[PDB]
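For reference, the structure is listed below as structure tokens.
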Amino acid sequence: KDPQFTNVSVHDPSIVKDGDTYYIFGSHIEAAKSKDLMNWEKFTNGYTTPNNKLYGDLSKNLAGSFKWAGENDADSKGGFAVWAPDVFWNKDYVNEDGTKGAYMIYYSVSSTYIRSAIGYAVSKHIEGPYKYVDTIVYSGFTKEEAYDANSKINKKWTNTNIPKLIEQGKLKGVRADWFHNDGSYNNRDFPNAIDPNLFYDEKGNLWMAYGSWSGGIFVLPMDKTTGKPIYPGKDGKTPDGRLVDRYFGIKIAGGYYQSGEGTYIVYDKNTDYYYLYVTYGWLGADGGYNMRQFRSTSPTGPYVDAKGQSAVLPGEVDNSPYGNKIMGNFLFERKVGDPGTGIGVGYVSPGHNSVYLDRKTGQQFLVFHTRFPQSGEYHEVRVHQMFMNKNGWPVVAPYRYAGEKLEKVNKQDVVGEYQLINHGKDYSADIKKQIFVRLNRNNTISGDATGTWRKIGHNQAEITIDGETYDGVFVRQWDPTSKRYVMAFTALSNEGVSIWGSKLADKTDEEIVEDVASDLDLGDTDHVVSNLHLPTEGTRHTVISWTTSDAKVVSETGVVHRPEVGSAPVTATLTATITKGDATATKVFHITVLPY
Ligand SMILES: OC[C@@H]1O[C@@H](OC[C@@H]2O[C@@H](OC[C@@H]3O[C@@H](OC[C@@H]4O[C@@H](OC[C@@H]5O[C@@H](OC[C@@H]6O[C@@H](OC[C@@H]7O[C@@H](OC[C@@H]8O[C@@H](O)[C@H](O)[C@H]8O)[C@H](O)[C@H]7O)[C@H](O)[C@H]6O)[C@H](O)[C@H]5O)[C@H](O)[C@H]4O)[C@H](O)[C@H]3O)[C@H](O)[C@H]2O)[C@H](O)[C@H]1O
């Protein structure tokens, strides 16, 4: 009855459901399918060309886009760069043969941090092969003629699709503000055209939101029929002050060179909210990708967080205060004495997500790529279920989706000790690990934090710590370390902080110290040539202190002193005294140290 998982490495996944089957489409022409959001099979060949699984002859097909960026050019020297797509079924799209209905993949191509463009391709079948249509949004264009190093491409704006639009009367003409004084692209205020996301709204209209760092995230209204932007055509401001551009659209997030990418927007027909997901930080293992969360009553904004702050920054400022941090770097550390093996389950730089909102059950899933502790830049896809908390915010489940659903939750299954992770607001390469609290039968919270708690209705959690209230739900989770299903909670404060709870198994101190003793292993102590690592700490704050029988062979801290060449091997005995509260255990380790 244990869950089975089959993983795949798709960067920047973007989920879509097609009948019985779930599909995700990532960067680098990578894509996979699942029937259960747990077992994925990849079906693509990547950047292979031709016979490219998605695009066929990659270079000739998408050449309309590669005239501008993303092929053997600058940062895509000797390769391609096809980034962060989105895929959906457009029942309204008029084909080349007059019939209506097609799959659309909206993709990015890029060659610098600013020179890039969004284009799209259509197809009879969702697995491809897709067939180019147009290139609709450019960035990194210049006021006069110019070139990037190791690039032959004239960057002047007259090389984009802008002149054609000025002809068709869709734009007045070039906006001066797009350029600095030196005539270069003004990405302080204007976007980098990648990461398109396609969403329908409440009345069934189509929209594309897009962008990464630089000037921010923009949204454009989309002609359901052709697949092309209905450009604003005139500059202006939104009623609340947000920039509207004639070409780029409406600014809904970010700005002033700060991070933010992987836009995904969903209309919730029940809460009547548009939820904006965005990822902060830098994608690699030392860059700290966060996922951030905002909402608006309009698809155009203004999008705000649980604190009621704008996703659009006021200037070059720390962006970390803004947006619900719904997931950062974390590790449910498997300390000495915890069941299972390994370091525990953790993520490094999770993010660039899509969302699937099921029409039948109303269950919501978060879908993202992530790296892992101790694994460098290796990454896999992960799915976490989201549940709607009492304030109209989806709250993310602590663990990957394993078939769980909301249930009636009984108080006696909630009471106990919890490992708790508080994702906070700051972010870095720091991995956040658990503290130890308990939810007591008297509805107080004691341990590494102090406060009160309430179950409300079938499963609503309310957690109060030091005058902050975190609202979310109690829900059952798969803990892959102890290999059991566990009680868990996730809750969100109106500071936009998320806290996670995973319930430890019930144990008394006398049981903890004996679990610690049985787990405490120094490895092979028979042929010792290096220093030994002696853990001073076991699970649930158990102190482990050490003594040695002979400091000349090995110290209290595990530093060994090998005999000089041509000596007899030497031995000492290390004693671990293990104490949790009033309990005590002892374990002895016999050490043999080899001479040089
Ligand atoms: O073999 C069978 C199967 O294979 C196995 O599969 C495993 C495979 O491995 C995966 O590869 C995935 C890896 O990740 C890919 O990377 C992801 C893609 O690229 C991403 O690029 C995004 C970039 O990120 C952002 O950078 C952020 C930011 O933007 C720029 O900012 C700098 C810039 O400079 C400033 O100047 C301003 C000055 O300031 C003012 O004072 C002055 O006036 C101005 O002059 C400017 O303002 C600043 O913005 C910088 O880039 C950075 O700072 C940026 O948005 C993007 O450029 C993209 O998001 C993502 O898609 C990596 O390439 C790939 O290797 C495969 O997927 C997987 O299949 C499997 O195991 C086997 O079965």
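Residues are referred to by chain and number: the chain letter is A, B, ... according to the order shown in the structure tokens, the number counts from 1 in that chain, and ligands are numbered separately from 1 in the order shown.
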
(request) Could you find all residues in region 69-206 of chain A that DSSP calls helix (DSSP H, G or I) from the backbone, and write them as a ChimeraX atom specification? (result) /A:157-159,162-167,176-178

Contacts with ligand 1 at most 6 Å, only C-alpha atoms and all ligand atoms counted, listed as a short mmCIF file (atom, residue, chain, number, x, y, z; two decimals) with N, CA, C and O atoms, in the first residue's frame:
data_model
loop_
_atom_site.label_atom_id
_atom_site.label_comp_id
_atom_site.auth_asym_id
_atom_site.auth_seq_id
_atom_site.Cartn_x
_atom_site.Cartn_y
_atom_site.Cartn_z
N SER A 9 13.28 14.37 -15.04
CA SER A 9 13.94 15.65 -14.95
C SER A 9 13.42 16.52 -16.07
O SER A 9 13.88 16.42 -17.20
N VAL A 10 12.42 17.33 -15.76
CA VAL A 10 11.92 18.31 -16.70
C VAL A 10 12.07 19.67 -16.05
O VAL A 10 11.51 19.91 -14.98
N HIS A 11 12.85 20.54 -16.66
CA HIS A 11 13.09 21.84 -16.04
C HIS A 11 11.96 22.80 -16.39
O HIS A 11 11.50 22.84 -17.53
N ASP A 12 11.51 23.57 -15.40
CA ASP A 12 10.40 24.51 -15.60
C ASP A 12 9.14 23.81 -16.17
O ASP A 12 8.67 24.14 -17.27
N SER A 27 11.50 23.47 -20.23
CA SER A 27 12.58 24.00 -21.05
C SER A 27 13.29 22.92 -21.86
O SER A 27 13.19 21.73 -21.55
N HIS A 28 14.00 23.34 -22.90
CA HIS A 28 14.86 22.47 -23.71
C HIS A 28 14.12 21.33 -24.36
O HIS A 28 14.66 20.23 -24.45
N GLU A 30 11.75 19.43 -23.50
CA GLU A 30 11.61 18.30 -22.62
C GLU A 30 10.18 18.21 -22.18
O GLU A 30 9.58 19.20 -21.86
N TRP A 83 13.10 27.97 -24.13
CA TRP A 83 12.86 28.01 -22.69
C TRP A 83 11.40 28.08 -22.25
O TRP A 83 10.58 28.77 -22.87
N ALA A 84 11.10 27.37 -21.16
CA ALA A 84 9.90 27.64 -20.36
C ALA A 84 8.64 27.82 -21.17
O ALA A 84 8.15 28.94 -21.31
N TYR A 113 20.68 38.12 -21.61
CA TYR A 113 19.80 38.36 -20.48
C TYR A 113 18.61 39.23 -20.89
O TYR A 113 17.57 39.15 -20.26
N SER A 212 10.82 37.74 -17.01
CA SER A 212 11.83 37.25 -16.08
C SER A 212 12.77 38.40 -15.74
O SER A 212 13.33 39.02 -16.63
N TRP A 213 12.91 38.68 -14.45
CA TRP A 213 13.72 39.80 -13.94
C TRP A 213 13.52 41.08 -14.75
O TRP A 213 12.45 41.30 -15.31
N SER A 214 14.56 41.90 -14.82
CA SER A 214 14.49 43.17 -15.53
C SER A 214 13.28 43.98 -15.06
O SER A 214 13.07 44.15 -13.86
N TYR A 257 15.03 45.55 -12.08
CA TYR A 257 16.11 44.57 -12.21
C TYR A 257 16.02 43.38 -11.25
O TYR A 257 16.83 42.44 -11.36
#

(message) Ranking A:501, A:323, A:350, A:339 by minimum distance to residue 518 (chain A) and counting only C-alpha atoms, which one comes first?
(response)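 Among the listed residues, the smallest separation from residue 518 (chain A) belongs to A:339.
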
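Near residue 565 (chain A), within 12 Å and counting only C-alpha atoms, sit residues 562, 568, 569, 594, 595 and 596 of chain A, not including residues fewer than 3 positions from it in the same chain.
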
(request) Between A:586, A:168, A:189, A:270, single out the one closest to residue 231 (chain A), counting only C-alpha atoms. (result)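 Selected residue with least distance to residue 231 (chain A): A:168.
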
(message) One decimal, in Å: what's the spacing between CA of residue 461 (chain A) and CA of residue 327 (chain A)?
(response) 18.7 Å
